[PDB]
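Residue numbers (the entry's author numbering), protein chains in the order written: chain A, 2 to 284; chain B, 1 to 284.
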Amino acid sequence: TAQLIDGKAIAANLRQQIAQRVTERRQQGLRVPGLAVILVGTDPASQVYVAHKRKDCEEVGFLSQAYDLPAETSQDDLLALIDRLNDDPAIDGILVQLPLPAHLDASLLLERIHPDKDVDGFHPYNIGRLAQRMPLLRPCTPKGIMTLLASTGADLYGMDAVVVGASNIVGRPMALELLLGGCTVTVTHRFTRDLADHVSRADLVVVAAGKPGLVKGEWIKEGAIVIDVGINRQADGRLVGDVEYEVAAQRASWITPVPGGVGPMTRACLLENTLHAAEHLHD
Amino acid sequence: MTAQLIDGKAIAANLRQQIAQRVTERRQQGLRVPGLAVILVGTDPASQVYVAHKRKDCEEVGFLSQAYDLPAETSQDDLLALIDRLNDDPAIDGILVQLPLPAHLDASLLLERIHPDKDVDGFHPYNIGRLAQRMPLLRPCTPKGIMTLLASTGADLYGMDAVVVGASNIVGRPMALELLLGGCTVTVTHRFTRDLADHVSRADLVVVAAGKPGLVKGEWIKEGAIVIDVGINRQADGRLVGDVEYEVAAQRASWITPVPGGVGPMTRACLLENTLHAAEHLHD
Numbered sequence: 002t003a004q005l006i007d008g009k010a011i012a013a014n015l016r017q018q019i020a021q022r023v024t025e026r027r028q029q030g031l032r033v034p035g036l037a038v039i040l041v042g043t044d045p046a047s048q049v050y051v052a053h054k055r056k057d058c059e060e061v062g063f064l065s066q067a068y069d070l071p072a073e074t075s076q077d078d079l080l081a082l083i084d085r086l087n088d089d090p091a092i093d094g095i096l097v098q099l100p101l102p103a104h105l106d107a108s109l110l111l112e113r114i115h116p117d118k119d120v121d122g123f124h125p126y127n128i129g130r131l132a133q134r135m136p137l138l139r140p141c142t143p144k145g146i147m148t149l150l151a152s153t154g155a156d157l158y159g160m161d162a163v164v165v166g167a168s169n170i171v172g173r174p175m176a177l178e179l180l181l182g183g184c185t186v187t188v189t190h191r192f193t194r195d196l197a198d199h200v201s202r203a204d205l206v207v208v209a210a211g212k213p214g215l216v217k218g219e220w221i222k223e224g225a226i227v228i229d230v231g232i233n234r235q236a237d238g239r240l241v242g243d244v245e246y247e248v249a250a251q252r253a254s255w256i257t258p259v260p261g262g263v264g265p266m267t268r269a270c271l272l273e274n275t276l277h278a279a280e281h282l283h284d
Numbered sequence: 001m002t003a004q005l006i007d008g009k010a011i012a013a014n015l016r017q018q019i020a021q022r023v024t025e026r027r028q029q030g031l032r033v034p035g036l037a038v039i040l041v042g043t044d045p046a047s048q049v050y051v052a053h054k055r056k057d058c059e060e061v062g063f064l065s066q067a068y069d070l071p072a073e074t075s076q077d078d079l080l081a082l083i084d085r086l087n088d089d090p091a092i093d094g095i096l097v098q099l100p101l102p103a104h105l106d107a108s109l110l111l112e113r114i115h116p117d118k119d120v121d122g123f124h125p126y127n128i129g130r131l132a133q134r135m136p137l138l139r140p141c142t143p144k145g146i147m148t149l150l151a152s153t154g155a156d157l158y159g160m161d162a163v164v165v166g167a168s169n170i171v172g173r174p175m176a177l178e179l180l181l182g183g184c185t186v187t188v189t190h191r192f193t194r195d196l197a198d199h200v201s202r203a204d205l206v207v208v209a210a211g212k213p214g215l216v217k218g219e220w221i222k223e224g225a226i227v228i229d230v231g232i233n234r235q236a237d238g239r240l241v242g243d244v245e246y247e248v249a250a251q252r253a254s255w256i257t258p259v260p261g262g263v264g265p266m267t268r269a270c271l272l273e274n275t276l277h278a279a280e281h282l283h284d
């Protein structure tokens, strides 16, 4: 009964729009956006995810620079690579594939990225800027979920929204995006006393919990919008989502099927960030 | 009527002593005294008063003070260079800029020039982002102060339903990030919120920062709730009437802040606490 949000189709529309914009730039003599994607180590998951990023990068016609470093690359060498990419005016976005080898300080390395080239958008400065209602580059997964909400044509102003999975990296950012978008926002987490009462009052539910069946379909308010993205922002391979779909779908006005498009939306908004950076932040 | 009163002025005075006693300990032990550079640009009467308050407190706890009372016409570039020198001075732990600035300066670019490291006010986007991701560097001082007020009640914030009334306010978002880190379930409301009463009346903890007299009705307060009413002026509270209807709220709340209360002293006290922390933990 609920209409379906198709994140995969919206991510494709978004890649298509970015590719066309890039074609309008290149004919106009404007610089093509550059994206450096850095991989360190052997992790099969990370090789697959990085591969999807670069495939999406090529489709959209960005200038791209691959850096497939070996796992024992020093922290300092990696800093010098990030220092050099910041000072390269041909590069608009710098991506450091996660997770990184144990010896590497994850936070130090990621925070070395100029916030205006941090197209993932989770650099602390970027989240802080979102927090104070003037984002530089928005965290791409939350941004991607706002795009999902936008496709429903719903008016978020005054909507009671609930974010389930505060502990997740997307959770706080997601809350800041929804507040920016006009919603009253409740954030819940593992220690929330009565999740059912919070969810049942919500016009909008965003769940990123990685806990199958956590949100009962009975908790969903009639007419609610339900976004179920789990904890993997790069690829959704779940057979069952955090929300119990059947009943949820009987009551929601809009729902994301599971597995859904969180990965493609995340990559699309990542590219969208790279383009914006080029058009707006780098001259 | 029946609510234990949260006294922010007492707590702030108590906190200034501790900073003072710790400074005297460092001074007795030959360790470096924390340094605070306080910048004032222009001559706005309220801004002069507020820096005065900051600098009285700064001298009370025995910090090294550097005062920059600059003229209102001071160039943005000249002010940048001032910030640059202060950033690299090992004697200076905290760099503070009194607001508002004259309108001709890009106040964001200047405030962001400060190393989050020396941002003792704590509202640098980096600092707010670090707080957002559960790994705070220097905590925004007004929200930190509200967390201290709450800690003094002895309450367990874990699984409490908290509501922050004032998203508009510069404190609102950081308040929410503080409350979440403290383990509350947190709802943030603002001018487009529907049924504000329903959100407030479900809350075990209400933090209001609206600058709107009587906005939150005392009848909306949950029985046994903790109620913090700090208005929208972080440096002073001169309201005759608060955001919460005090008389009725006091009959229902377990703890409540009187109004006019201690948001200002608490804010300055936590700013000073961040300077000490900077000195003891972030610098040499």
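C-beta: ideal position from N, C-alpha, C; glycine also.
Problem set entry | For B/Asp89, the nearest candidate out of B/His115, B/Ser75, B/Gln4 and B/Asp106 (CA to CA) | B/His115
Exercise. Comparing the C-beta of B/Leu205 with each C-beta of chain A, is any distance below 7 angstroms?
Worked result: no
Problem set entry | Uninterrupted alpha helix (DSSP H) stretches inside the region 33-100 of chain B (no shorter than 4 residues) | 45-60 and 76-88
For this session: Quick one: using the 10 Å Cβ neighbour count with 16 as the cut-off for buried, is A/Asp198 buried or exposed?
Result: exposed
Problem set entry | Interface residues of chain B facing A/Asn169 [CB-CB closer than 8 angstroms] | Residues of chain B passing the Cβ test: none, with the nearest at roughly 11 angstroms.
Exercise. In or out: B/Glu73 buried (at least 16 other Cβ within 10 Å) or exposed?
Worked result: exposed
For this session: For the region 217-245 of chain A, list the beta strand (DSSP E) runs that are entirely contained and at least 3 residues long, ordered along the chain.
Result: 226-229
For this session: Measuring only between beta-carbons, confirm whether A/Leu64 sits less than 7 angstroms from chain B.
Result: no
Problem set entry | Proximal chain B residues relative to A/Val208, where beta-carbon distance stays under 8 angstroms | None at all; the shortest Cβ gap to chain B is about 15 angstroms.
Exercise. Taking 7 angstroms as the CB-CB cut-off, is B/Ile114 touching chain A?
Worked result: no
Problem set entry | Presumed contact (8 angstroms Cβ cut-off) between B/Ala132 and A/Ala132, rounded CB distance | 6 angstroms
Exercise. With C-beta atoms as the reference, is B/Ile128 less than 7 angstroms away from B/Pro100?
Worked result: no
Problem set entry | Contact with chain B by A/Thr187, beta-carbon distance below 7 angstroms | yes
Exercise. List, in order along the chain, the chain A residues whose C-beta lies closer than 8 angstroms to that of B/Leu180?
Worked result: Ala167, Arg173, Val188 and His190
Problem set entry | Test: A/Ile128 CB closer than 7 angstroms to a CB of chain B | yes
Problem set entry | B/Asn274 versus B/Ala210, B/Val171, B/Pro34 and B/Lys212, residue with shortest Cα-Cα distance | B/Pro34
For this session: Under 6 angstroms Cβ to Cβ from A/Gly42, same chain only, skipping five residues before and after it: list those, please.
Result: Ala72 and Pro102
For this session: Measure how close the beta-carbons of A/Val97 and A/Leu80 come, nearest whole angstrom, since I'm counting them as under 8 angstroms.
Result: Not quite, the Cβ-Cβ distance comes to about 11 angstroms (not below 8 angstroms), so this is no contact.
For this session: Quick one: residues in its chain with C-beta nearer than 8 angstroms to the C-beta of A/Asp117, no 5 flanking neighbours on either side, listed in chain order?
Result: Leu137, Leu138, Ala278, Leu282 and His283
Exercise. With distances taken from CA atoms, which of B/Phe192, B/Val164, B/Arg22 and B/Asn169 is nearest B/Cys184?
Worked result: B/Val164
Exercise. A/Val38 to A/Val207, Cα distance in whole Å?
Worked result: 29 angstroms
For this session: Can you tell me which of the three DSSP states B/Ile6 falls into?
Result: coil
Exercise. What residues of chain C sit near A/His199, judged by a beta carbon separation below 8 angstroms?
Worked result: Looking at the structure shown, chain C is missing, and the protein chains on hand are A and B.
Problem set entry | For A/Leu111, the three-state DSSP class (helix, strand or coil) | helix
For this session: Within 10 angstroms of the Cβ of A/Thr189, are there 16 or more other Cβ atoms? Answer buried if so, exposed if not.
Result: buried
Exercise. How would you write the range of the beta strand (DSSP E) that A/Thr185 sits in, first residue to last?
Worked result: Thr185 to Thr189
For this session: Given a cut-off of 7 angstroms, decide if A/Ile256 and A/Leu149 are closer than it, judged by their beta-carbon atoms.
Result: no
For this session: Assign A/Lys56 to buried or exposed, taking buried as 16 or more other Cβ atoms, counted over all protein chains shown, within 10 Å of its Cβ.
Result: exposed
Exercise. Listing by chain order, which chain B residues have their CB less than 8 angstroms from the CB of A/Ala132?
Worked result: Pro125, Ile128, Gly129, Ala132, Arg173, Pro174 and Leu177
For this session: Could you confirm whether any beta carbon from chain B is found closer than 7 angstroms to the beta carbon of A/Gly159?
Result: yes
Problem set entry | Distance, A/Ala91 Cα to B/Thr187 Cα | 43 angstroms
For this session: Measure the Cβ-Cβ separation of A/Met160 and A/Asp204 and say whether it is below 7 angstroms.
Result: yes
Exercise. Going by the CB atoms, is the gap between B/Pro258 and B/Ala12 shorter than 7 angstroms?
Worked result: no
Exercise. Is there a Cβ from chain B that is less than 7 angstroms from the Cβ of A/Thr193?
Worked result: yes
For this session: Below 6 angstroms CB to CB, which residues in the same chain sit around B/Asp195 once its five sequence neighbours on both sides are set aside?
Result: none
Exercise. When burial is assigned at 16 or more other CB atoms within 10 Å of the CB, is residue 308 of chain B buried or exposed?
Worked result: The shown model of chain B, from 1 to 284, leaves out residue 308 of chain B, and the question about it has no answer.
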